[PDB]
Enquirer: 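There's a structure below that I have some questions on.
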Amino acid sequence: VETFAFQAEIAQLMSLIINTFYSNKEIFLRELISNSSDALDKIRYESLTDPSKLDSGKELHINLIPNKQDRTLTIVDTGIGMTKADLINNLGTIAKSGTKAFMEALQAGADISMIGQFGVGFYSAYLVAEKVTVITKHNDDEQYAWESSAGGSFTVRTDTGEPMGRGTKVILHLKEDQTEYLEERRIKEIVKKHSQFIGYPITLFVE
Ligand SMILES: COc1ccc(-c2c(-c3cc(C(C)C)c(O)cc3O)noc2NC(=O)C2CC2)cc1
């Protein structure tokens, strides 16, 4: 297991997300679904010229998996996936510059819900989760698990769990007071409100 420090700007972004009073927490799901859609777009485009990139799985979809027993909400996609290098480099995001652009878009009146416009929507996960695990598999690398409970550090390790084929799984270990996001009707409501026109099948698993 390797432990890394977040860049100062990202730790600041996470501290802001965790500590700022902001009731509209449901946007985290929109942001994660958007990321999955972006990753799915990428493997789709690459497969147009090289269909063998789909040997790791032809289906392009997003699954939402609540587990009330574990208090986890998991978002799984079969997009392009991330390499180990991507994970360490802020999960394939432009997080340093994006955080800068977000930080003082906020000072120009913006609110937290615009976070995705600055490429760092992922970190909105910390509105609802005390810990986030990101398990990912890119065609060119092995399957890795990234994890952080904030506090300035993250870990990366080779994943031992179920083979994913290709794509990304974001596991949200929910805060005690945020269990509404495990309820079927709440999830459906949020998907219909914010993600109605995502161009990939979104399947909400039941328990
Ligand atoms: C908005 O920033 C993003 C969005 C998606 C990704 C991404 C992902 C990916 C990343 C995340 C976050 C953990 C950041 C996610 O929730 C879902 C995903 O499928 N897998 O491969 C990728 N690699 C990519 O190059 C792609 C298409 C965007 C990385 C950065």
Side-chain angles (χ1 to χ4, degrees), residues 1-15 17 28 31-65 70 72-100 102 115-116 118-126 129-173 200:
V1 179
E2 296 177 289
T3 305
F4 299 84
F6 286 111
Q7 281 165 292
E9 294 85 347
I10 285 73
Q12 187 175 11
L13 172 67
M14 297 173 74
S15 196
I17 289 166
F28 80 91
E31 298 306 325
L32 296 176
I33 292 174
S34 175
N35 285 0
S36 290
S37 179
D38 292 350
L40 287 160
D41 287 349
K42 189 161 184 185
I43 186 62
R44 167 150 280 159
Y45 183 79
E46 295 198 3
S47 74
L48 293 180
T49 59
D50 186 356
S52 68
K53 287 178 176 184
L54 293 182
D55 286 350
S56 46
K58 288 178 180 170
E59 291 74 28
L60 301 186
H61 62 243
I62 299 171
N63 296 330
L64 306 178
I65 312 171
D70 296 342
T72 59
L73 177 61
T74 300
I75 299 91
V76 183
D77 69 65
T78 48
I80 190 80
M82 289 170 285
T83 63
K84 185 184 181 182
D86 291 327
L87 284 178
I88 296 167
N89 191 8
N90 301 309
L91 309 109
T93 73
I94 49 156
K96 180 185 178 161
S97 61
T99 297
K100 171 185 185 66
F102 181 43
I115 188 167
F118 309 107
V120 291
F122 166 70
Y123 300 94
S124 72
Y126 291 91
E130 60 186 16
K131 182 168 69 175
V132 178
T133 308
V134 176
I135 301 170
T136 194
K137 175 67 174 69
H138 183 281
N139 283 335
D140 299 339
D141 209 349
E142 303 313 315
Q143 186 163 307
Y144 282 96
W146 175 104
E147 194 169 66
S148 180
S149 295
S153 68
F154 64 90
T155 62
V156 177
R157 72 196 72 191
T158 296
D159 187 49
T160 56
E162 295 302 305
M164 296 171 63
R166 185 200 62 253
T168 298
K169 165 166 53 176
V170 177
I171 305 174
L172 305 175
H173 307 264
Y200 300 96

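Nothing fancy with the numbering, it's 1 onward along the sequence.
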Enquirer: State, yes or no, whether a side-chain contact exists between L13 and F6 at a heavy-atom distance under 4.5 Å.
Expert: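 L13 vs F6: side chains apart.
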Enquirer: Would you mind reporting whether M82 and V134 have side-chain heavy atoms less than 4.5 Å apart?
Expert: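 They are in contact (side-chain heavy atoms under 4.5 Å apart), so the answer is yes.
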Enquirer: Which distance, rounded to the nearest 0.5 Å, do you find between the OG1 of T74 and the CD1 of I171?
Expert: 4.5 Å
Enquirer: Would you check, one step at a time, whether the test side-chain contact (heavy atoms from CB on, under 4.5 Å) holds for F28 with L73?
Expert: CA-CA 11 Å; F28 80 91; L73 177 61; 4.0 Å; yes
Enquirer: Decide side-chain contact (heavy atoms from CB on, under 4.5 Å) for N90 and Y123; before the verdict, give the C-alpha distance in whole Å, the side-chain angles of both, and the deciding distance to 0.1 Å.
Expert: CA-CA 10 Å; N90 301 309; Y123 300 94; 3.7 Å; yes
Enquirer: For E147, which residues count as a side chain to side chain donor-acceptor pair (under 3.5 Å) partner, sequence neighbours excluded?
Expert: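 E147 satisfies side chain to side chain donor-acceptor pair (under 3.5 Å) with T133 only.
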Enquirer: Distance-only, no hydrogens or angles: does the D70 side chain make a donor-acceptor pair with backbone N or O of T72 under 3.5 Å?
Expert: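 No, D70 side chain to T72 backbone: no donor-acceptor pair under 3.5 Å.
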Enquirer: When rounded to the nearest 0.5 angstrom, what is the spacing between NE2 in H173 and OG in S149?
Expert: 7.5 Å
Enquirer: Return the minimal non-hydrogen interatomic distance between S153 and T3, and the atom names on each side.
Expert: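 So the two residues come closest at CB-CG2, 4.1 Å.
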Enquirer: Please find the pair of heavy atoms, one from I62 and one from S37, that lie closest to each other, and give the distance.
Expert: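 So the two residues come closest at CD1-N, 4.3 Å.
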Enquirer: Heavy atoms, side chains only, cut-off 4.5 Å: are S148 and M14 in contact?
Expert: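 Heavy-atom side-chain distance check passes, below 4.5 Å.
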Enquirer: Indicate yes or no for a side-chain donor-acceptor contact from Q143 to the backbone of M164 under 3.5 Å, with no hydrogens or angles considered.
Expert: yes
Enquirer: Tell me every residue that passes side chain to side chain donor-acceptor pair (under 3.5 Å) with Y200, counting only those two or more places apart in sequence or in another chain.
Expert: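 So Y200 forms a side chain to side chain donor-acceptor pair (under 3.5 Å) with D41.
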Enquirer: On a heavy-atom basis, which atom in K137 and which in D141 lie closest, and how many Å separate them?
Expert: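 That closest heavy-atom pairing would be NZ-O, 2.9 Å.
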Enquirer: For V132 versus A125, what's the shortest heavy-atom pair and its separation?
Expert: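 Looks like CG2-CB, 3.9 Å.
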Enquirer: Looking only at heavy atoms, which two atoms of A145 and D159 are closest? And how far apart?
Expert: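 Closest approach of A145 to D159: CB-OD1, 3.9 Å.
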Enquirer: Is the closest side-chain heavy-atom distance between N35 and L91 below 4.5 Å?
Expert: no
Enquirer: Between the side chain of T78 and the main-chain N/O of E59, is any donor-acceptor distance below 3.5 Å?
Expert: yes
Enquirer: Identify the residue among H138, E142, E2 that makes a side chain to side chain donor-acceptor pair (under 3.5 Å) with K84.
Expert: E2
Enquirer: Under 30°, 30 to 60°, or over 60°: which ring-plane class applies to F154 and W146, parallel, tilted or perpendicular?
Expert: parallel
Enquirer: Spell out, as yes or no, whether a donor-acceptor pair under 3.5 Å connects the side chain of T99 to the backbone of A95.
Expert: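 Checked: pair present.
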Enquirer: Could you give the distance from CZ (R166) to CG (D55), rounded to the nearest 0.5 Å?
Expert: 9.5 Å
Enquirer: To the nearest 0.5 Å, how far apart are CG in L40 and CG in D77?
Expert: 5.0 Å
Enquirer: Would a 4.5 Å heavy-atom cut-off, applied to side chains only, mark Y45 and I80 as touching?
Expert: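 Counting from C-beta outward, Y45 and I80 never come under 4.5 Å.
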Enquirer: If you round to the nearest 0.5 Å, how far is CD1 of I135 from CD of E162?
Expert: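 One finds 10.0 Å between CD of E162 and CD1 of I135.
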Enquirer: To the nearest 0.5 Å, how far apart are CG in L172 and CG in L32?
Expert: 6.0 Å
